[PDB]
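I have placed the structure first, in the form of structure tokens, so that the comments after it can refer back to it.
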DNA sequence: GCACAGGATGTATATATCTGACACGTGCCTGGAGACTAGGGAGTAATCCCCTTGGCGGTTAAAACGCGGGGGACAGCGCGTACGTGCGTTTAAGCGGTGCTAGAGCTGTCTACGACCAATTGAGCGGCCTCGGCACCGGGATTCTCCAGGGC
DNA sequence: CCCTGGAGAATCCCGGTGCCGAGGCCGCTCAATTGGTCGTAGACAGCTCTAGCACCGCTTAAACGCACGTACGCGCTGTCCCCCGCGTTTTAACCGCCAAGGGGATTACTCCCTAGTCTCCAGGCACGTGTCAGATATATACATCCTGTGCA
Ligand SMILES: Nc1ncnc2c1ncn2[C@@H]1O[C@H](COP(=O)(O)OP(=O)(O)O)[C@@H](O)[C@H]1O
């Protein structure tokens, strides 16, 4: 009598692969031993960050009047947000572009 | 019976501890295995860099008519060499001072 | 306590500027420099206190300061 | 017995192209000496990146430069690139 | 007599256009030739995946765009509207290159 | 009586402080500032003397480098005096 | 048949469908999300490894992960993510 | 007695006496050199570890160390370090 | 019991008998409901046969529906002229021009749809695929069917993406490399049976499977002219510098990526490399000849040819080899002409016309092998020199019969220069294998 | 010298076709979950002692403040130059093809040589204690600079 | 309008002090030696797709060269004001000393948590496949820019 194989993601209520994270931590040569709760914590953090970025990108997609997210929308979301701009300060998003920004002196008058 | 112990540093004709380097590589969680030649190569590289910097610092110390190397001498040697300034570009030396350099527009005319 | 930011006096800022290599200094430089010092120190001390709290200690060590500086990309040789 | 060179490769980075890059940067007026300087800057940047990439490729015991090698080179330089792997 | 825009409106329109789009602003074949020419010195008999050159072009364009932004800031600091090699050199010197 | 032109004493001080190698801020005021800043993250924090010394060293190095960049920007603006706008431009180009 | 590559694409799609139901995502955006998740994982794991080495331990724990999160993430993100991770660890321990 | 501490001080002193026979060193300079050696070792070892991970190999070897040296040190220093390390490895292989 | 005479609807003379038999073959091919290949090669023109098929459809059947002919831009105007001259009843419309002309043409003729036959080119088809796809097509004709020999190509996909009830392929050389391109052609002709890509077990089955949807004649029914060709392969040894570079490259600053391609021109001339040239003065005197065996043999052959019938043609597959030969010819006081890829249409045609004059002082004509427009009436020449051979024996044969045009009435002789114990020998062996496959599959 | 009309231009907005990627379904296989055992890492308590903090008094350098003046910042003006704008022309990019061959990735095997683990052990290295040479502090004599006033 | 001539700052040669680096000892723990094993990587072989080199063809968008006018960068000038150099008074840093105790560092003990193994099974991935989101094109509709003209 073997109990139903229930996954640790569902145990923790997450949507990210706790088992894969645990395997990656073990194979990644960070320390010789890994705790049980560490992969759960890390998957939760990754899920929160992904959710934040995706929410902002979906708002940008609604601003551009489209139903798909593209790297342009991702760049628009990553900029305009102070926290994510600090986190990804030195990251280049391929075919992402730049924010519209014209210096005040250059404007006609 | 066993022959008299011969240090691997003496076998390679070095002066930095190859055995200590091998132990540090094994304890550092860099990889699962460490080859025989890696400690020797790394010890030789460390010795070469130390010799270079100490030679420049000693020349600078003799220029100031001293016999002791001090952080000022080390900073002079590091900043007055392009390769070492590139290697140690983002490093701060305690009590090293700065290089004397005045922009020529500020000089009296 | 409070009113300790003003302990960074104008003469000390002028000495730092002279070591930097400047000759004439505007009068409003001092408040700006105090703000810059405040933000830099706040960041570094925040990281150092985080390291100390993980170590479960009440005392901040030069090791903690060095680790904070290294993770901020401002390595410091001369303390360990 | 017939030879005829065309142009420098670095002249392929044309004046209108540099103007378009400056427009994206947000520049209005451009001096005529900007183009030589920009070509030199691009040359230096590419030389550093390609040196790192070819070092990775030679370590891997190969003769083909890969997008992963380029990404690792940029990550060493401190210019992390997303979307290529 | 023919209609002509003043010196600077077309520049602003182009600024808006290229700050809105996302494509690449360098010719692919010239960029590939330049990359091959540079790599030839480091090593001979080299082959490039098409993705490698594309990533190189992306990174190069991003670097140049950021440099031009900082150069424009320096030029505006100098109370000017034109960018100059001195502004580019100052930006690189401040950034540490 | 004897008096110096406005700028020779400054150059002499520049040479003196570019030749010296010690610290330039007062230790007790810097220590009190560090404790005040650390007040916001924890209570009853204790410090080593080495920690305060290292913080002072890093702060002075950062400020000196900032002033060098500021002087470069001011000279670029065809000025000899440095200004808050110069400091802000240096910080902006650095990425802060 | 081609080999197997591991990607976070399925879970990114799940999070997207949870937070924005009637929305899609392109292949390039998914690749960027994959790279972003890999980079964040790498940074947090390396920070935790260095923390374990500094404190002379051989075990990566949720405490180490929390400290690495507070060291890397800037402020409000740090506290929100720390709350989320505490909730997840509580759910994992309490019932399972 | 308290816990012993490990440092490269003895070997730094040996190399100093080798290169400049009539020159000494101060404690602060020795601490700076010790930190420098630890930092360079950390950089080379980390880069070699990343190389091994990238190439799906489980061991750090002379090839990894050499490639890390060529990646990290600039130009002429890299050439000299490569030659010196290869000389040392050849002598160790020949003498063992 | 079929269309045995020249049609009443065809003008400007009567169709010849060997053409009208092909015409009745095409007519019966439609009633039999199969689509086949007309491979009669250069007879009097497959254009007239195709136009006769379309005219027969439109007149005798009540199907003037949309028809399309895909021809190269070089033959578009000739096809329009043939439509106007021979069978003027059909109202052919030509679509060629820039974007404004394309849009004007579609909105003013194509959308009104008064036309019956639309003659277009490959590029125009690729550009106007979207608006060509709407129309239902009753007859799709692809002249020079060897263009779509390869599957998974843009034209091959697009052309079958249409809605066509009949298909027809014109090609004089259906087989060029192997049977996979033939299978591609047959799959286009009728995908329902040739779905799979895969002398008693073979040969006979191939012949009797290809007969139902293929036909080919030989340009010998009438003859009375066009003397045959003499093929001589001259084996020439490598020179000293050629040998040294050959060994150097074989055992290997210079970039040498594609080894076969680098060995080839090296068998031709070391001056195509860098550093093999003499001093910076670049004196062009006896350096070109001595360092290449083919150059020595050519310098021996040309004076004999000019003391004889003369009017020699040279074919080479490298424009830099063309440059070297041009420099040698201008140094040796021989007046020459050059046809090359970069030569624009006007200069192409003018040089051809000048050389074709019966009383011409120009002696050497140099052409790149594939750079022809598949026309080029160089019938005034006598000697064909093949400096290097292509992997395609049919490309070689087309360059060879470029001098075998109907205007030629004198025997023509072909010289192939081969370097013994090189990769040229492998090229020749591969070409011979491909040529024997061609002969055994088609001619026999 | 200022404020409005209009004309040309560019840019946004609405809608119709069409296509190429995305979202979903399917089969299967490989990595994850359930159960168990073994061992050493880490939590817990107790101790020591060292390093931190608090406080006090006396010196003296450094900071704060005020004054008087000259040099630098800044606004203004004028000009001769260099760059933006539009136009006709040339060129090379872009796309679609040929023909071959090596390089690289993946899969699937094999084998041997190098790296890990264990016990033993003596030599190396770290801590400790002491003493002389180097660095420093203090002082006097001398050079070099900078600024003011005038006859060069 | 450069040439003396003084003040003031810095530099150089001497002499007394102290304290810290270099040297010499003691004990310990960690690296070197020897023995055994395994499992990883080097080597090989078969397949499948990408890239390089020499060409050809066509299309057309983009670069190029040019001429002209107009903002603009740059130099020169005047004004003032504010920063600097210097002297006086005040304030607290600093140095030394002392006292008290919190807490960092260490040791012993025991548990409980994680590594490792085996087995089973279902989630994740490659592969097909259809349909709709968006790109494109066209055709109005409006927002902007510039210039002329009319007027106070
Ligand atoms: N009036 C004519 N009617 C039919 N055939 C002709 C006529 N005049 C010449 N020819 C033949 O046509 C041939 C040239 O046409 P060809 O190149 O075969 O046309 P296509 O290019 O359509 O195949 C010549 O060999 C010649 O014998």
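Protein chains in written order, with our numbering: chain A, 1 to 109; chain B, 1 to 109; chain C, 1 to 80; chain D, 1 to 85; chain E, 1 to 97; chain F, 1 to 96; chain G, 1 to 96; chain H, 1 to 96; chain I, 1 to 444. For each residue, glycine too, the CB sits at the ideal point set by N, CA and C.
Where residue i sits in the DSSP three-state scheme
| i | result |
| --- | --- |
| residue 173 of chain I | coil |
| residue 41 of chain H | helix |
| residue 81 of chain F | strand |
| residue 63 of chain D | coil |
| residue 73 of chain I | helix |
| residue 471 of chain I | Only positions 1 to 444 of chain I appear in this structure, which leaves residue 471 of chain I out of reach. |
| residue 77 of chain C | strand |
| residue 369 of chain I | coil |
| residue 314 of chain I | strand |
| residue 4 of chain F | coil |
| residue 50 of chain F | helix |
| residue 231 of chain I | strand |
Cβ-heavy atom distance, residue i to ligand 1, below 7 angstroms
| i | result |
| --- | --- |
| residue 224 of chain I | no |
| residue 48 of chain I | yes |
| residue 85 of chain I | no |
| residue 68 of chain I | no |
| residue 218 of chain I | no |
| residue 42 of chain I | yes |
| residue 22 of chain I | no |
| residue 402 of chain I | no |
Test item: CB-CB of residue i and residue j under 8 angstroms
| i | j | result |
| --- | --- | --- |
| residue 362 of chain I | residue 335 of chain I | yes |
| residue 78 of chain G | residue 60 of chain G | no |
| residue 51 of chain E | residue 67 of chain D | yes |
| residue 267 of chain I | residue 425 of chain I | no |
| residue 19 of chain H | residue 54 of chain B | yes |
| residue 29 of chain D | residue 81 of chain E | yes |
| residue 13 of chain G | residue 37 of chain G | no |
| residue 321 of chain I | residue 417 of chain I | no |
Neighbour flag for residue i against chain G, beta carbons, 8 angstroms
| i | result |
| --- | --- |
| residue 56 of chain D | no |
| residue 72 of chain D | no |
| residue 80 of chain D | yes |
Neighbour flag for residue i against chain A, beta carbons, 8 angstroms
| i | result |
| --- | --- |
| residue 21 of chain E | yes |
| residue 35 of chain E | no |
CB contact check: residue i to chain F, cutoff 8 angstroms
| i | result |
| --- | --- |
| residue 10 of chain C | no |
Closer than 8 angstroms to chain D by CB, residue i
| i | result |
| --- | --- |
| residue 99 of chain E | With chain E covering 1 to 97 only, the question about residue 99 of chain E has no answer from this structure. |
| residue 284 of chain I | yes |
Any C-beta of chain I under 8 angstroms from that of residue i
| i | result |
| --- | --- |
| residue 1 of chain D | yes |
Residue i at chain E interface by Cβ criterion, 8 angstroms
| i | result |
| --- | --- |
| residue 93 of chain F | yes |
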